[PDB]
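Before any comments, here is the structure.
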Number of protein chains: 2
Amino acid sequence: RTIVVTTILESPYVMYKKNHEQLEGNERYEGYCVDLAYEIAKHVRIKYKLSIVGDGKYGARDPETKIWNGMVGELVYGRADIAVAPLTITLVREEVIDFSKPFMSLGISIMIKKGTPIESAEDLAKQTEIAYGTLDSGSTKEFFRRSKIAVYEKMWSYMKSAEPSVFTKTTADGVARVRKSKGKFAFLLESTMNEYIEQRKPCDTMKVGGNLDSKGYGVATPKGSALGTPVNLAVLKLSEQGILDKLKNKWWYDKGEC
Amino acid sequence: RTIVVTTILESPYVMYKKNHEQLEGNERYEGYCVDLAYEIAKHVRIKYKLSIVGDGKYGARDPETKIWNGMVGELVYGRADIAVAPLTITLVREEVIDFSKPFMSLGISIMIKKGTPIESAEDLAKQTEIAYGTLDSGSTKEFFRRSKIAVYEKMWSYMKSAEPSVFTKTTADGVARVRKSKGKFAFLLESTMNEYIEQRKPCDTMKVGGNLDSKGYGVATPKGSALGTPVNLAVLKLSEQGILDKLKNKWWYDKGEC
Ligand SMILES: COc1ccc(C(=O)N2CCCC2=O)cc1
Ligand SMILES: N[C@@H](CCC(=O)O)C(=O)O
Ligand SMILES: N[C@@H](CCC(=O)O)C(=O)O
Ligand SMILES: [Zn+2]
Ligand SMILES: [Zn+2]
Ligand SMILES: [Zn+2]
Ligand SMILES: [Zn+2]
């Protein structure tokens, strides 16, 4: 009767509460996806337990073993019933799991330390002084690997061979590298994460240029799961009631520091 | 073997070609949804015929007879196999038809004649000199009818009782009323239509303020249709290949006149 909700520690979607080490179960966490899971479970009338994905990854398929990792693998292998996380709806994932209609819009974007002389992907592509990278095992890395657009093909050729590695294990590690690199590293990440970090102390980063694509996050369920339909209607209802909007303002802008 | 694709004459999604009266069948039409239908049919490997919906409506359910009109009714009553049109994904529609993941993002927006002293919905709500309305039988009208947000509730109370009527039979009729009214009528319509008109001669309108909501258009199929799955993957593929982007630029901005 208690369903397992896989999710990932990524600010401001799921974060440890201030005193989390004194708390237990769902009470350990807060953020946009913690609130979304609560609202969804309320409408679908299920009890649930949040479970941070062990490997800390969104989900990709190993080309060798063909095994899915991350939250996607938790659904595929039957270890979680739903994922409520900033999980990008992509074709390769839709082949193996189901997604709700999207609860948030986003695009890939460029994060720079303020003052870096870069305004566009073209600007990064044509130079070599400023290194740049992306998160491992997620949809941004796959966007670059799969693109047939000249500028992004050039960026992928550079990142794939860069030494030392430009692929980070977590978003926070990429942000930290931008902040510590005196303008010499830029990070490619989703506009939602980029806009959140831009509003947080020390206010030394910014999003530059427009987004490189336009896509959405959805709530995911194992393929053919009976929960898929009610979850989808719940997301649509929350959207129409203005709740998704209220949550975005709560977690991004209400508390902005910059 | 030839499937019926319902659609609607709405610029720049489907428009008559210059010499349409000398042409037949699918060749009569051009625009973003004509291109999208072609790309989808190519991936799903179907032959198809475009059919402009007879009543010229998107789709709503009559509260009395309970009958669906517009493109939604064509799918519900079995007269069309797919709708490829700027058809908004909504909860009440998802209860009776299926939708692909969204091919375009949009929100409700305000269209004014340039120079009108209005910058926000709040600005319209608190005054009465400038009338304002929306399209009949679509999702924008339903947004206002259903909102529990104070400002939009006030706008709905005004529009519902306005005399003469502020609800238009087509988008073009609303645009024409804005243009002819010397600043005394504003039109509530989707950001996509608003941004297209803003780029067309006589360049006398503009979008003002941010969008009131955030939602998407999807390709629709009758509930439980076998075409639903392949169409959805086709839309995701076109999105990832940058084709939806290319089409948006082709139909909105490439030809901009303002
Ligand atoms: C919050 O509303 C939305 C979030 C995401 C999406 C989406 O998935 N897509 C696909 C193509 C372009 C785009 O934005 C559409 C609407
Ligand atoms: N949302 C992405 C993770 C972040 C990224 O790849 O930039 C995914 O679902 O894979
Ligand atoms: N896209 C809308 C029509 C336009 C509007 O209502 O503003 C619909 O699907 O109903
Ligand atoms: Zn701690
Ligand atoms: Zn609720
Ligand atoms: Zn004509
Ligand atoms: Zn194609």
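The sequence lines fix the lettering, A, B, ..., with proteins before strands; numbering per chain opens at 1. Basis for what follows: all heavy atoms, side chains included, without hydrogens, waters or symmetry-related copies.
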*Give a yes or no on this: more than 12 heavy atoms of other residues, nucleotides or ligands lie within 6.0 Å of atom OH of A:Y253.*
yes
*Are more than 12 heavy atoms from other residues, nucleotides or ligands located less than 6.0 Å from atom OH of B:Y77?*
yes
*Counting only heavy atoms closer than 4.5 Å, note whether B:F99 contacts chain A via side chain, backbone, both or neither.*
both
*Which region of B:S147, side chain (C-beta onward) or backbone (N, CA, C, O), has a non-hydrogen atom less than 4.5 Å from a non-hydrogen atom of chain A, or is it both or neither?*
neither
*Might you work through the salt bridge (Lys or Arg N to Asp or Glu O under 4.0 Å) test for A:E240 and B:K215, ending with a clear yes or no?*
CA-CA 9 Å; A:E240 284 173 16; B:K215 56 203 179 182; over 6 Å; no
_Proximal component of B:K148, with respect to chain A [non-hydrogen, under 4.5 Å]_ = neither
_As an exercise, state the distance from CD of B:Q241 to CD1 of A:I149, rounded to the nearest 0.5 Å._
10.0 Å
*Report yes if the side chains of B:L236 and A:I89 come closer than 4.5 Å at any heavy-atom pair, otherwise no.*
yes
*Steps toward side-chain contact (heavy atoms from CB on, under 4.5 Å) verdict (B:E94, A:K101)*: CA-CA 10 Å; B:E94 187 74 276; A:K101 294 300 187 296; 2.9 Å; yes
*To the nearest 0.5 Å, how far apart are OG in A:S239 and CG in B:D213?*
7.0 Å
*A:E119 atom CD, over 12 foreign heavy atoms within 6.0 Å*: no
_Can you tell me how far apart OG1 (B:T90) and NZ (A:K237) are? Round to the nearest 0.5 Å._
10.5 Å
*Minimum heavy-atom distance B:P102-A:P102, with the two atoms named*: CD-CD, 3.6 Å
*B:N232, B:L238, B:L233 screened by side-chain contact (heavy atoms from CB on, under 4.5 Å) with A:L91, the one that passes*: B:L233
